[PDB]
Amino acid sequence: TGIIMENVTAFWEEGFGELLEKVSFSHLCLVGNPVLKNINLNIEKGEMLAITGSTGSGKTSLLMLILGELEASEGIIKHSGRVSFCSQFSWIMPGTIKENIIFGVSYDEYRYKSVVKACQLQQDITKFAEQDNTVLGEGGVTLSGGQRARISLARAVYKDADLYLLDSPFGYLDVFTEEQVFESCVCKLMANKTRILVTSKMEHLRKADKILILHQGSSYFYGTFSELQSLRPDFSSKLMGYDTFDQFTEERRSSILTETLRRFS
């Protein structure tokens, strides 16, 4: 499916804050304040939307909007079909690595092996005596953050859906593995799946079909990467003006983005 939002505004409603947490709110609800205002986007079947912004700009909230956990108080949103969501929090259920990737869905060999390879999990499971039959306890607590995120990503990607929402999978230290995953999974394997990737890496905007930048629940820019360079030259020159920005930590990339957005409103 494709996805369209026309002039969407979404207000803080009671309970939304806890849901964001479970991944003062009552004041935000009493004062009737938007979490997202005048959002517009039009994404074709098979296209990739890259979403970035300052920290706390509404990136996750926009996903919740697509999931229907947040109501569109004004404006129009259209998409059809199953959506698959990979959250910032990487949840792990009791069971093997395989059982986690396949959770609640039926096993298919070609599909599984293909997902496992593209999410770069082979490098991980090969370190284990029982490979992907290795048993994890909930939280998969002795794994690395990147290992948990790749399992969590594989699970969401293995879901058969029309639209994939990937909230910040690529935020950890093993930064070269992340580059392979983005190339192999998001760009190749899912090349023809409609997908939305929340991200603080510039390569992802550069390879994206559409770009949405958020600041203060507002749309700072929407368009192509070419239009971002010409229509937002201050932002672009500053961020493309590092040599290896994407290999900074997620905290640094995010705070640079925040400062640059604060600067050039």
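Rigid core: the largest C-alpha set superposing within 1.5 Å between the two forms. Numbers follow the displayed sequence, beginning with 1.
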{"property": "More variable segment, 130 to 138 or 178 to 186 [Cα RMS over structures in 6 other deposited structures of this protein, core-superposed]", "result": "130 to 138"}
{"property": "Deposited residues lacking coordinates between residue 256 and residue 257 (none, 1 to 3, 4 to 9, 10 or more)", "result": "none"}
{"property": "Mean temperature factor over C-alpha atoms, higher-scoring stretch between 131 to 139 and 147 to 155", "result": "131 to 139"}
{"property": "Stretch exceeding the other in mean C-alpha B-factor - 97 to 105, 72 to 80", "result": "72 to 80"}
{"property": "Candidate residues 239, 48, 63, 213, the one whose C-alpha B factor the record puts highest", "result": "239"}
{"property": "CA B-factor placement of residue 26, once the chain's modelled residues are sorted into thirds", "result": "highest"}
{"property": "CA B-factor placement of residue 55, once the chain's modelled residues are sorted into thirds", "result": "middle"}
{"property": "Assigned third (lowest, middle, highest) for the C-alpha B factor of residue 197", "result": "lowest"}
